[PDB]
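**Q** My structure is stored as structure_38.pdb, with PDB, C-alpha atoms and all ligand atoms.
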```pdb
ATOM      1  CA  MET A   1     102.554  75.888  90.913
ATOM      2  CA  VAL A   2     104.317  79.083  92.038
ATOM      3  CA  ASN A   3     107.211  78.857  94.518
ATOM      4  CA  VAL A   4     106.844  81.720  97.030
ATOM      5  CA  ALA A   5     109.168  83.124  99.689
ATOM      6  CA  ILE A   6     107.899  85.506 102.399
ATOM      7  CA  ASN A   7     110.331  88.139 103.672
ATOM      8  CA  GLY A   8     109.011  89.415 107.002
ATOM      9  CA  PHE A   9     106.540  87.406 109.126
ATOM     10  CA  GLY A  10     104.624  90.384 110.515
ATOM     11  CA  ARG A  11     100.885  90.874 110.280
ATOM     12  CA  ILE A  12     100.863  90.884 106.467
ATOM     13  CA  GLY A  13     103.317  87.987 106.129
ATOM     14  CA  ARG A  14     101.388  85.773 108.553
ATOM     15  CA  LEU A  15      98.032  86.443 106.899
ATOM     16  CA  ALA A  16      99.649  85.844 103.492
ATOM     17  CA  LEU A  17     100.593  82.353 104.661
ATOM     18  CA  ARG A  18      97.060  81.765 105.982
ATOM     19  CA  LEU A  19      95.715  82.601 102.521
ATOM     20  CA  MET A  20      98.247  80.510 100.558
ATOM     21  CA  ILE A  21      98.796  77.424 102.734
ATOM     22  CA  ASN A  22      95.798  75.410 101.445
ATOM     23  CA  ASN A  23      96.002  76.730  97.868
ATOM     24  CA  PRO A  24      97.705  74.039  95.731
ATOM     25  CA  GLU A  25      98.672  76.708  93.175
ATOM     26  CA  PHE A  26     101.209  78.041  95.716
ATOM     27  CA  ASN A  27     104.277  76.391  97.229
ATOM     28  CA  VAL A  28     105.528  78.524 100.121
ATOM     29  CA  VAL A  29     109.149  77.399 100.357
ATOM     30  CA  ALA A  30     110.654  79.845 102.864
ATOM     31  CA  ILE A  31     109.944  82.475 105.511
ATOM     32  CA  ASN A  32     112.696  84.932 106.452
ATOM     33  CA  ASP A  33     112.397  86.835 109.729
ATOM     34  CA  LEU A  34     114.852  87.878 112.444
ATOM     35  CA  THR A  35     112.486  86.933 115.297
ATOM     36  CA  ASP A  36     112.796  83.680 117.255
ATOM     37  CA  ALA A  37     110.808  80.949 115.514
ATOM     38  CA  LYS A  38     108.870  79.961 118.643
ATOM     39  CA  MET A  39     107.498  83.494 118.997
ATOM     40  CA  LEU A  40     106.651  83.619 115.285
ATOM     41  CA  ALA A  41     104.763  80.313 115.404
ATOM     42  CA  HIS A  42     102.788  81.457 118.454
ATOM     43  CA  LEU A  43     101.799  84.685 116.678
ATOM     44  CA  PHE A  44     100.775  82.622 113.635
ATOM     45  CA  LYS A  45      98.634  80.251 115.733
ATOM     46  CA  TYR A  46      96.786  82.905 117.771
ATOM     47  CA  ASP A  47      95.611  86.239 116.366
ATOM     48  CA  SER A  48      93.756  88.883 118.362
ATOM     49  CA  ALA A  49      92.137  90.367 115.237
ATOM     50  CA  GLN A  50      91.707  87.461 112.821
ATOM     51  CA  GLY A  51      91.106  84.576 115.227
ATOM     52  CA  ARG A  52      92.889  81.270 115.650
ATOM     53  CA  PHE A  53      94.652  79.602 112.751
ATOM     54  CA  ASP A  54      92.313  76.896 111.469
ATOM     55  CA  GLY A  55      95.041  74.264 111.066
ATOM     56  CA  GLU A  56      98.272  73.017 112.641
ATOM     57  CA  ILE A  57     101.783  74.442 112.935
ATOM     58  CA  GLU A  58     104.821  72.599 114.326
ATOM     59  CA  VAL A  59     108.203  74.201 115.020
ATOM     60  CA  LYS A  60     111.300  72.323 113.843
ATOM     61  CA  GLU A  61     114.938  73.347 113.747
ATOM     62  CA  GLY A  62     115.049  75.923 110.968
ATOM     63  CA  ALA A  63     111.539  75.198 109.685
ATOM     64  CA  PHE A  64     107.804  75.125 110.256
ATOM     65  CA  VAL A  65     105.475  72.316 109.275
ATOM     66  CA  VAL A  66     102.141  74.001 108.547
ATOM     67  CA  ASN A  67      99.169  71.801 107.580
ATOM     68  CA  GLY A  68     101.661  69.100 106.653
ATOM     69  CA  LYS A  69     103.816  71.348 104.425
ATOM     70  CA  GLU A  70     107.416  72.033 105.439
ATOM     71  CA  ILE A  71     108.569  75.645 105.127
ATOM     72  CA  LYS A  72     112.162  76.692 105.696
ATOM     73  CA  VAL A  73     112.623  79.487 108.243
ATOM     74  CA  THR A  74     115.676  81.745 107.788
ATOM     75  CA  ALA A  75     116.879  84.770 109.750
ATOM     76  CA  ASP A  76     119.168  86.829 107.494
ATOM     77  CA  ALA A  77     118.918  90.624 107.615
ATOM     78  CA  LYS A  78     120.311  91.071 104.083
ATOM     79  CA  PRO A  79     118.141  89.774 101.211
ATOM     80  CA  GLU A  80     121.085  89.144  98.876
ATOM     81  CA  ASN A  81     122.296  86.422 101.282
ATOM     82  CA  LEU A  82     118.984  84.541 101.120
ATOM     83  CA  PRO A  83     118.952  81.115  99.378
ATOM     84  CA  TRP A  84     116.320  81.999  96.785
ATOM     85  CA  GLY A  85     118.118  80.513  93.785
ATOM     86  CA  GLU A  86     118.717  77.250  95.644
ATOM     87  CA  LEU A  87     115.022  77.082  96.578
ATOM     88  CA  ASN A  88     113.857  77.922  93.016
ATOM     89  CA  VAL A  89     111.897  80.918  94.307
ATOM     90  CA  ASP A  90     109.571  82.275  91.631
ATOM     91  CA  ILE A  91     108.383  85.324  93.587
ATOM     92  CA  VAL A  92     109.090  87.029  96.922
ATOM     93  CA  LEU A  93     106.467  88.787  99.030
ATOM     94  CA  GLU A  94     108.539  91.597 100.568
ATOM     95  CA  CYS A  95     106.759  92.492 103.843
ATOM     96  CA  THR A  96     109.510  93.727 106.173
ATOM     97  CA  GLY A  97     108.967  97.428 105.469
ATOM     98  CA  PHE A  98     112.755  97.871 105.183
ATOM     99  CA  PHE A  99     113.131  97.466 101.396
ATOM    100  CA  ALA A 100     110.305  99.639 100.020
ATOM    101  CA  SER A 101     112.073 100.656  96.817
ATOM    102  CA  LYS A 102     112.845  98.975  93.518
ATOM    103  CA  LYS A 103     116.602  99.198  94.125
ATOM    104  CA  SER A 104     116.625  97.857  97.684
ATOM    105  CA  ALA A 105     114.148  95.039  97.011
ATOM    106  CA  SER A 106     116.028  93.970  93.875
ATOM    107  CA  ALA A 107     118.470  92.280  96.273
ATOM    108  CA  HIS A 108     115.968  89.394  96.309
ATOM    109  CA  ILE A 109     116.553  89.088  92.554
ATOM    110  CA  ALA A 110     120.319  88.978  93.094
ATOM    111  CA  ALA A 111     119.720  86.136  95.566
ATOM    112  CA  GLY A 112     117.997  84.107  92.826
ATOM    113  CA  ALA A 113     114.320  85.065  93.031
ATOM    114  CA  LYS A 114     112.664  85.860  89.714
ATOM    115  CA  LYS A 115     110.135  88.498  90.869
ATOM    116  CA  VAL A 116     109.233  90.562  93.952
ATOM    117  CA  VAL A 117     106.007  92.146  95.232
ATOM    118  CA  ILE A 118     106.506  94.848  97.868
ATOM    119  CA  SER A 119     103.640  95.079 100.370
ATOM    120  CA  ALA A 120     103.854  98.876 100.563
ATOM    121  CA  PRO A 121     104.132 102.016  98.456
ATOM    122  CA  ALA A 122     107.621 101.860  97.009
ATOM    123  CA  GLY A 123     108.173 104.943  94.842
ATOM    124  CA  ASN A 124     107.267 105.933  91.310
ATOM    125  CA  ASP A 125     109.967 104.133  89.284
ATOM    126  CA  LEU A 126     108.236 100.726  89.352
ATOM    127  CA  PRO A 127     104.772  99.315  88.601
ATOM    128  CA  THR A 128     102.262  99.949  91.392
ATOM    129  CA  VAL A 129      99.298  97.607  91.153
ATOM    130  CA  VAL A 130      95.817  97.339  92.664
ATOM    131  CA  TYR A 131      94.483  93.981  91.496
ATOM    132  CA  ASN A 132      91.382  94.359  89.279
ATOM    133  CA  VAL A 133      92.102  98.049  88.739
ATOM    134  CA  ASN A 134      95.423  98.053  86.857
ATOM    135  CA  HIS A 135      97.137  94.671  87.019
ATOM    136  CA  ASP A 136      96.965  94.641  83.198
ATOM    137  CA  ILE A 137      99.966  97.010  83.209
ATOM    138  CA  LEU A 138     102.263  94.191  84.354
ATOM    139  CA  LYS A 139     104.714  92.645  81.883
ATOM    140  CA  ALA A 140     106.598  89.359  82.061
ATOM    141  CA  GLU A 141     109.854  91.350  81.963
ATOM    142  CA  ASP A 142     108.945  93.302  85.113
ATOM    143  CA  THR A 143     110.966  92.283  88.177
ATOM    144  CA  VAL A 144     110.062  94.291  91.323
ATOM    145  CA  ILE A 145     106.602  95.837  91.766
ATOM    146  CA  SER A 146     104.529  97.456  94.512
ATOM    147  CA  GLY A 147     101.136  96.232  95.661
ATOM    148  CA  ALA A 148     100.305  99.812  96.701
ATOM    149  CA  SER A 149      98.846 100.455 100.162
ATOM    150  CA  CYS A 150      95.949  98.964 102.089
ATOM    151  CA  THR A 151      94.049 102.242 101.738
ATOM    152  CA  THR A 152      94.833 102.508  98.012
ATOM    153  CA  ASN A 153      93.340  99.038  97.502
ATOM    154  CA  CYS A 154      90.103 100.243  99.110
ATOM    155  CA  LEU A 155      89.992 103.636  97.369
ATOM    156  CA  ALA A 156      91.106 102.768  93.848
ATOM    157  CA  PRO A 157      88.169 100.683  92.496
ATOM    158  CA  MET A 158      85.637 103.164  93.813
ATOM    159  CA  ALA A 159      87.583 106.187  92.464
ATOM    160  CA  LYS A 160      87.983 104.383  89.119
ATOM    161  CA  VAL A 161      84.187 104.151  88.746
ATOM    162  CA  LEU A 162      83.743 107.827  89.640
ATOM    163  CA  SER A 163      86.418 108.779  87.096
ATOM    164  CA  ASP A 164      85.232 106.472  84.281
ATOM    165  CA  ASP A 165      81.482 106.968  84.591
ATOM    166  CA  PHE A 166      81.201 110.500  85.936
ATOM    167  CA  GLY A 167      84.485 112.334  85.296
ATOM    168  CA  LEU A 168      85.695 112.975  88.836
ATOM    169  CA  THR A 169      87.541 116.303  88.979
ATOM    170  CA  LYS A 170      88.764 116.449  92.599
ATOM    171  CA  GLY A 171      88.122 114.904  95.981
ATOM    172  CA  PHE A 172      89.110 114.629  99.641
ATOM    173  CA  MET A 173      89.373 111.300 101.466
ATOM    174  CA  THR A 174      88.940 110.549 105.167
ATOM    175  CA  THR A 175      89.851 107.022 106.253
ATOM    176  CA  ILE A 176      88.469 106.193 109.674
ATOM    177  CA  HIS A 177      91.131 103.650 110.420
ATOM    178  CA  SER A 178      91.905 101.025 113.064
ATOM    179  CA  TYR A 179      94.978 101.784 115.141
ATOM    180  CA  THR A 180      98.308 100.273 114.138
ATOM    181  CA  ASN A 181     101.352  98.934 115.904
ATOM    182  CA  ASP A 182     103.406 102.065 115.264
ATOM    183  CA  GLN A 183     101.049 103.889 117.627
ATOM    184  CA  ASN A 184     101.975 103.722 121.289
ATOM    185  CA  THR A 185     100.078 101.668 123.841
ATOM    186  CA  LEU A 186     100.323 104.395 126.510
ATOM    187  CA  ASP A 187     101.498 107.999 126.082
ATOM    188  CA  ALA A 188     105.256 107.848 125.521
ATOM    189  CA  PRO A 189     107.993 109.174 123.220
ATOM    190  CA  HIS A 190     107.530 108.183 119.591
ATOM    191  CA  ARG A 191     110.470 106.891 117.565
ATOM    192  CA  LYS A 192     109.688 109.092 114.546
ATOM    193  CA  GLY A 193     108.764 112.171 116.599
ATOM    194  CA  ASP A 194     105.051 112.002 115.749
ATOM    195  CA  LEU A 195     103.203 113.778 118.577
ATOM    196  CA  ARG A 196      99.952 111.970 117.726
ATOM    197  CA  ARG A 197     101.298 108.443 117.250
ATOM    198  CA  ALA A 198     102.964 109.031 120.630
ATOM    199  CA  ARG A 199      99.560 108.891 122.326
ATOM    200  CA  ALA A 200      97.698 105.929 123.825
ATOM    201  CA  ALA A 201      96.190 104.310 120.740
ATOM    202  CA  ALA A 202      93.027 102.839 122.251
ATOM    203  CA  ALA A 203      91.969 105.993 124.119
ATOM    204  CA  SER A 204      91.309 108.545 121.372
ATOM    205  CA  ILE A 205      90.381 109.643 117.904
ATOM    206  CA  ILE A 206      93.858 110.423 116.569
ATOM    207  CA  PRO A 207      94.447 112.363 113.316
ATOM    208  CA  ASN A 208      97.177 111.025 111.070
ATOM    209  CA  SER A 209      98.618 111.867 107.669
ATOM    210  CA  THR A 210      98.002 109.572 104.698
ATOM    211  CA  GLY A 211      99.528 109.043 101.288
ATOM    212  CA  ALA A 212      97.044 106.916  99.359
ATOM    213  CA  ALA A 213      94.923 109.696  97.855
ATOM    214  CA  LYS A 214      97.893 111.879  96.922
ATOM    215  CA  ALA A 215      99.613 108.902  95.234
ATOM    216  CA  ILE A 216      96.538 107.593  93.364
ATOM    217  CA  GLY A 217      97.986 108.607  89.986
ATOM    218  CA  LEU A 218     100.371 105.643  90.002
ATOM    219  CA  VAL A 219      97.325 103.349  89.840
ATOM    220  CA  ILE A 220      94.834 105.593  88.012
ATOM    221  CA  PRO A 221      96.939 107.970  85.875
ATOM    222  CA  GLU A 222      94.031 110.230  84.919
ATOM    223  CA  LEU A 223      93.495 111.007  88.628
ATOM    224  CA  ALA A 224      97.095 112.101  89.285
ATOM    225  CA  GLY A 225      97.056 115.064  91.648
ATOM    226  CA  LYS A 226      93.248 115.108  91.816
ATOM    227  CA  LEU A 227      92.854 113.518  95.278
ATOM    228  CA  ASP A 228      94.035 114.439  98.777
ATOM    229  CA  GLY A 229      93.058 113.281 102.229
ATOM    230  CA  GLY A 230      93.924 112.056 105.687
ATOM    231  CA  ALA A 231      93.132 109.546 108.409
ATOM    232  CA  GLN A 232      91.508 109.428 111.822
ATOM    233  CA  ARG A 233      92.897 106.521 113.857
ATOM    234  CA  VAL A 234      90.277 105.156 116.261
ATOM    235  CA  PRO A 235      90.137 102.436 118.986
ATOM    236  CA  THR A 236      89.405  99.408 116.787
ATOM    237  CA  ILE A 237      91.929  96.593 116.326
ATOM    238  CA  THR A 238      91.332  96.141 112.559
ATOM    239  CA  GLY A 239      88.679  97.166 110.058
ATOM    240  CA  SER A 240      88.511 100.607 108.445
ATOM    241  CA  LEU A 241      86.301 102.871 106.323
ATOM    242  CA  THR A 242      87.355 105.109 103.407
ATOM    243  CA  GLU A 243      85.043 108.094 102.808
ATOM    244  CA  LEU A 244      85.434 110.286  99.716
ATOM    245  CA  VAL A 245      83.848 113.720  99.168
ATOM    246  CA  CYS A 246      84.241 114.842  95.580
ATOM    247  CA  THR A 247      83.004 116.841  92.610
ATOM    248  CA  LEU A 248      82.152 115.177  89.285
ATOM    249  CA  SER A 249      81.802 116.331  85.667
ATOM    250  CA  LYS A 250      78.207 115.022  85.399
ATOM    251  CA  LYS A 251      75.146 115.486  87.580
ATOM    252  CA  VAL A 252      74.221 112.225  89.331
ATOM    253  CA  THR A 253      71.697 110.771  91.751
ATOM    254  CA  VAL A 254      72.422 108.537  94.747
ATOM    255  CA  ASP A 255      70.930 105.500  93.016
ATOM    256  CA  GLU A 256      72.910 106.144  89.829
ATOM    257  CA  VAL A 257      76.162 106.216  91.818
ATOM    258  CA  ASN A 258      75.216 103.015  93.630
ATOM    259  CA  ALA A 259      74.213 101.297  90.365
ATOM    260  CA  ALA A 260      77.591 102.162  88.833
ATOM    261  CA  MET A 261      79.431 100.677  91.811
ATOM    262  CA  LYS A 262      77.400  97.474  91.778
ATOM    263  CA  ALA A 263      78.013  97.072  88.038
ATOM    264  CA  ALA A 264      81.760  97.207  88.752
ATOM    265  CA  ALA A 265      81.681  94.515  91.468
ATOM    266  CA  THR A 266      84.441  91.874  91.330
ATOM    267  CA  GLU A 267      86.174  89.501  93.719
ATOM    268  CA  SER A 268      88.284  92.552  94.674
ATOM    269  CA  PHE A 269      85.486  95.145  94.929
ATOM    270  CA  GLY A 270      82.255  94.108  96.609
ATOM    271  CA  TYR A 271      78.900  95.862  96.863
ATOM    272  CA  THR A 272      76.502  95.879  99.810
ATOM    273  CA  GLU A 273      73.413  97.689 101.027
ATOM    274  CA  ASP A 274      73.443  95.886 104.392
ATOM    275  CA  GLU A 275      73.808  98.304 107.334
ATOM    276  CA  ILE A 276      77.083  96.761 108.525
ATOM    277  CA  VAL A 277      79.708  98.126 110.940
ATOM    278  CA  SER A 278      83.481  97.800 110.926
ATOM    279  CA  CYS A 279      83.714  94.478 112.767
ATOM    280  CA  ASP A 280      81.670  92.953 109.902
ATOM    281  CA  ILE A 281      84.543  93.522 107.441
ATOM    282  CA  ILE A 282      87.126  91.667 109.551
ATOM    283  CA  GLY A 283      88.572  88.799 107.519
ATOM    284  CA  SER A 284      86.961  89.915 104.253
ATOM    285  CA  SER A 285      88.251  88.568 100.941
ATOM    286  CA  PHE A 286      87.331  91.856  99.219
ATOM    287  CA  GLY A 287      90.002  94.485  98.792
ATOM    288  CA  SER A 288      87.162  97.017  99.140
ATOM    289  CA  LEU A 289      83.453  96.693 100.013
ATOM    290  CA  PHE A 290      81.370  99.580  98.640
ATOM    291  CA  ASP A 291      78.590 100.574 101.072
ATOM    292  CA  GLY A 292      75.592 101.914  99.167
ATOM    293  CA  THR A 293      73.877 102.997 102.409
ATOM    294  CA  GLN A 294      76.482 105.785 102.826
ATOM    295  CA  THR A 295      76.131 107.435  99.399
ATOM    296  CA  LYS A 296      74.944 111.052  99.442
ATOM    297  CA  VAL A 297      74.495 113.680  96.741
ATOM    298  CA  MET A 298      73.783 117.317  97.540
ATOM    299  CA  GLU A 299      73.123 120.199  95.178
ATOM    300  CA  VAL A 300      73.260 123.956  95.727
ATOM    301  CA  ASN A 301      72.541 126.377  92.861
ATOM    302  CA  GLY A 302      73.054 123.692  90.240
ATOM    303  CA  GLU A 303      76.401 122.344  91.491
ATOM    304  CA  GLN A 304      76.754 118.992  93.214
ATOM    305  CA  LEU A 305      78.949 117.513  95.911
ATOM    306  CA  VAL A 306      79.078 113.715  96.271
ATOM    307  CA  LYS A 307      79.991 111.539  99.264
ATOM    308  CA  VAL A 308      80.699 107.785  99.106
ATOM    309  CA  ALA A 309      82.292 105.222 101.423
ATOM    310  CA  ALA A 310      83.812 101.711 101.260
ATOM    311  CA  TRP A 311      84.877  99.290 103.991
ATOM    312  CA  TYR A 312      88.142  97.370 104.096
ATOM    313  CA  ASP A 313      89.955  95.114 106.525
ATOM    314  CA  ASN A 314      93.250  96.987 106.338
ATOM    315  CA  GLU A 315      94.902  93.649 107.208
ATOM    316  CA  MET A 316      93.080  90.861 105.409
ATOM    317  CA  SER A 317      91.577  92.882 102.528
ATOM    318  CA  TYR A 318      94.992  94.185 101.521
ATOM    319  CA  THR A 319      96.639  90.766 101.875
ATOM    320  CA  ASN A 320      93.985  89.182  99.643
ATOM    321  CA  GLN A 321      94.857  91.779  97.001
ATOM    322  CA  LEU A 322      98.584  91.089  97.429
ATOM    323  CA  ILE A 323      98.029  87.364  96.830
ATOM    324  CA  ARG A 324      95.899  87.969  93.726
ATOM    325  CA  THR A 325      98.637  90.195  92.314
ATOM    326  CA  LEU A 326     101.401  87.799  93.369
ATOM    327  CA  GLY A 327      99.724  84.880  91.600
ATOM    328  CA  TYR A 328      98.966  86.865  88.450
ATOM    329  CA  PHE A 329     102.471  88.346  88.252
ATOM    330  CA  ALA A 330     104.222  85.005  88.773
ATOM    331  CA  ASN A 331     102.161  83.337  86.026
ATOM    332  CA  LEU A 332     102.795  86.062  83.428
ATOM    333  CA  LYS A 333     104.795  84.529  80.572
TER     334      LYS A 333
HETATM  335 MG    MG B 401     103.099  93.772 108.435
END
```
As structure tokens - that is how I would like this structure written.
**A**
Amino acid sequence: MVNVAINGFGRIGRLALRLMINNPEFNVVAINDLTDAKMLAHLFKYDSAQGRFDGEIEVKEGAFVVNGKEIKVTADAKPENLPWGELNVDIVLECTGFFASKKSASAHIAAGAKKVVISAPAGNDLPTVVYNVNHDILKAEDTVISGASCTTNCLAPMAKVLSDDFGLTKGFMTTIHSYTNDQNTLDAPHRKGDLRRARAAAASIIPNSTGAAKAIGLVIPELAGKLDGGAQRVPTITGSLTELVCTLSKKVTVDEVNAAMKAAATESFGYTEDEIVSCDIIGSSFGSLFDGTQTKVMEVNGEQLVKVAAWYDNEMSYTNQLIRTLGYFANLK
């Protein structure tokens, strides 16, 4: 049984607890967050995207009792002051967004935790892992790692098939992506100066920069620098689609591409030919759901261009991948 601490009870941290709370292989011992515990428990109980929490949560002084399990609730802004050694913390899920580097997140290790998984891209000086693409790179001596990004966890298994089976040479991604909380509700100044995230999120198609395709080489080294792309933020609350237009080293047909994806299906990478829409991915356990109905291959004067697409719940899909990686990493001996 792995002793887990959650730093940051935002959308990822709350869904992480939903996924772990009834899993006897995990012992969530602590949640650290600066927000009032009553507000946090209310946000855990009721969720506009994922629905109501199936069980029970009680608020105590300095703790929650969730489905009969007591979890300490702390509110310390500095990780090195957190009681991880005293709680025998095996691994921290770092979800605040404020420690997205190996150096900054290593403060959890100073506090007594043995390992850390950062729920975000966190640089290139640490292992960056998409479960069931490259978690075999992890070593027992590793300390702080990155679980990559939500979009990377959708893109990577599908790009890995295109690279392995067909020798992908280059490609552009478009993620048609649910809006996020760093977009404004109504038009207003934006904290980071982004003129597009300043706009009313639910009113428009809103272009936004991405990093997942450009950073793919940390997960799939043979694709380093071979992908680029961007996002279009649209008025859905969660649920997203990653499209990829690419060139390959081999000529292919639509059904050959789809067969290769289905052959690579795992608990992390699903395959469907159902004509689903984005709400149908909400709550999915897959990190990525390949949609064979969206595959296209075109050919002009003997050269092909290929288009493919996979669904992901940018919330729950990514968190499922984080928990797979967290469990695997903590049990590596
Ligand atoms: Mg979050």
**Q** Under the PyMOL selection byres (((not hetatm)) within 8 of (chain B and resi 401)), which residues of this model are included? Write them out as a compact mmCIF listing (two decimals) with C-alpha atoms, in the frame of the given file.
**A**
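Writing the result to selection26.txt gives the following:
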```txt
# COMPACT_ATOMS: atom_id res chain seq x y z
CA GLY A 8 109.01 89.42 107.00
CA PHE A 9 106.54 87.41 109.13
CA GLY A 10 104.62 90.38 110.52
CA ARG A 11 100.88 90.87 110.28
CA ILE A 12 100.86 90.88 106.47
CA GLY A 13 103.32 87.99 106.13
CA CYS A 95 106.76 92.49 103.84
CA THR A 96 109.51 93.73 106.17
CA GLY A 97 108.97 97.43 105.47
```
**Q** One number please: CA of residue 290 (chain A) to CA of residue 158 (chain A), in Å, one decimal.
**A**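 That distance, rounded to one decimal, is 7.4 Å.
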**Q** Quick one: distance from CA of residue 72 (chain A) to CA of residue 114 (chain A) in Å, one decimal?
**A** 18.4 Å
**Q** Return as a PyMOL selection string the set of residues that the PyMOL selection byres (((chain A and resi 320) around 9) and not hetatm) yields on the displayed structure.
**A** chain A and resi 15-16+19+268+284-287+315-319+321-325
**Q** I need the residue nearest residue 1 (chain A) from this list: A:194, A:222, A:70, A:90. Use only C-alpha atoms for the distance.
**A**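 Using only C-alpha atoms, the shortest distance to residue 1 (chain A) belongs to A:90.
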**Q** Write out as a PyMOL selection string the residues lying within 10 Å of region 250-267 of chain A, counting only C-alpha atoms and excluding same-chain residues fewer than 5 positions away.
**A** chain A and resi 131-132+157-162+164-168+272-273+285-299+302-308+320-321+324
**Q** Which one of A:202, A:215, A:82, A:6 sits closest to residue 121 (chain A) if you count only C-alpha atoms?
**A**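 Residue with the minimum atom-to-atom distance to residue 121 (chain A): A:215.
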**Q** At a cut-off of 12 Å, using only C-alpha atoms, what residues contact residue 44 (chain A)? Leave out same-chain residues fewer than 6 positions from it and give the result as a list in words.
**A**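 Listing them by chain and then by number gives residues 9, 10, 11, 12, 13, 14, 15, 16, 17, 18, 37, 38, 50, 51, 52, 53, 54, 55, 56, 57, 58, 59, 64 and 66 of chain A.
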**Q** Grab the CA of residue 276 (chain A) to CA of residue 243 (chain A) distance for me, in Å with one decimal place.
**A**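 Spanning CA of residue 276 (chain A) to CA of residue 243 (chain A) is a straight-line distance of 15.0 Å.
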**Q** Would you list the contacts of residue 185 (chain A) as an MDAnalysis selection string, taking every protein, DNA or RNA residue within 10 Å and counting only C-alpha atoms, but skipping same-chain residues closer than 4 positions in sequence?
**A** chainID A and resid 180:181 197:203
**Q** Within 12 Å of (90.7, 109.1, 114.0), in the coordinates the file gives, what residues turn up when you count only C-alpha atoms, written out as a list in words?
**A**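 Output of the proximity query reads residues 174, 175, 176, 177, 178, 179, 180, 196, 197, 201, 202, 203, 204, 205, 206, 207, 208, 209, 210, 230, 231, 232, 233, 234, 235, 236, 240, 241 and 242 of chain A.
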**Q** From the options A:244, A:73, A:212, A:109, which residue's atoms come nearest to residue 29 (chain A), counting all atoms listed in the file?
**A**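 Looking at the shortest contact to residue 29 (chain A), the residue is A:73.
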**Q** Set the distance at 12 Å and use all atoms listed in the file: which residues neighbour residue 135 (chain A) once local chain neighbours fewer than 4 positions away are removed? I'd like the list as a PDB file with C-alpha atoms, in the coordinates of the input.
**A**
```
ATOM      1  CA  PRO A 127     104.772  99.315  88.601  1.00  0.00           C
ATOM      2  CA  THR A 128     102.262  99.949  91.392  1.00  0.00           C
ATOM      3  CA  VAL A 129      99.298  97.607  91.153  1.00  0.00           C
ATOM      4  CA  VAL A 130      95.817  97.339  92.664  1.00  0.00           C
ATOM      5  CA  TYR A 131      94.483  93.981  91.496  1.00  0.00           C
ATOM      6  CA  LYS A 139     104.714  92.645  81.883  1.00  0.00           C
ATOM      7  CA  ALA A 140     106.598  89.359  82.061  1.00  0.00           C
ATOM      8  CA  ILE A 145     106.602  95.837  91.766  1.00  0.00           C
ATOM      9  CA  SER A 146     104.529  97.456  94.512  1.00  0.00           C
ATOM     10  CA  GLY A 147     101.136  96.232  95.661  1.00  0.00           C
ATOM     11  CA  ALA A 148     100.305  99.812  96.701  1.00  0.00           C
ATOM     12  CA  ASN A 153      93.340  99.038  97.502  1.00  0.00           C
ATOM     13  CA  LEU A 218     100.371 105.643  90.002  1.00  0.00           C
ATOM     14  CA  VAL A 219      97.325 103.349  89.840  1.00  0.00           C
ATOM     15  CA  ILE A 220      94.834 105.593  88.012  1.00  0.00           C
ATOM     16  CA  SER A 268      88.284  92.552  94.674  1.00  0.00           C
ATOM     17  CA  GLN A 321      94.857  91.779  97.001  1.00  0.00           C
ATOM     18  CA  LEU A 322      98.584  91.089  97.429  1.00  0.00           C
ATOM     19  CA  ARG A 324      95.899  87.969  93.726  1.00  0.00           C
ATOM     20  CA  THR A 325      98.637  90.195  92.314  1.00  0.00           C
ATOM     21  CA  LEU A 326     101.401  87.799  93.369  1.00  0.00           C
ATOM     22  CA  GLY A 327      99.724  84.880  91.600  1.00  0.00           C
ATOM     23  CA  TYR A 328      98.966  86.865  88.450  1.00  0.00           C
ATOM     24  CA  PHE A 329     102.471  88.346  88.252  1.00  0.00           C
ATOM     25  CA  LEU A 332     102.795  86.062  83.428  1.00  0.00           C
TER      26      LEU A 332
END
```
**Q** Selection in question (the file shown): the PyMOL selection byres (((chain A and resi 30) around 9) and not hetatm). Which residues does it include, as a PyMOL selection string?
**A** chain A and resi 4-7+28-29+31-32+63+70-74+84+87+89
**Q** With 3 Å of padding per side, what axis-aligned box (centre and edge lengths, Å, one decimal) covers all the listed atoms of region 294-301 of chain A? Give it as lines of an AutoDock Vina configuration file.
**A**
```
center_x = 74.5
center_y = 116.1
center_z = 97.8
size_x = 9.9
size_y = 26.6
size_z = 16.0
```
**Q** Restricting the calculation to only C-alpha atoms, which member of A:309, A:76, A:156, A:111 is positioned closest to residue 35 (chain A)?
**A**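 Ranked by minimum distance to residue 35 (chain A), first place goes to A:76.
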**Q** Could you tell me which of A:277, A:126, A:282, A:34 comes closest to residue 75 (chain A) if we count all atoms listed in the file?
**A**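 Using all atoms listed in the file, the shortest distance to residue 75 (chain A) belongs to A:34.
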**Q** So which one's closest to residue 91 (chain A), A:22, A:67, A:314, A:27? Using only C-alpha atoms, please.
**A** A:27
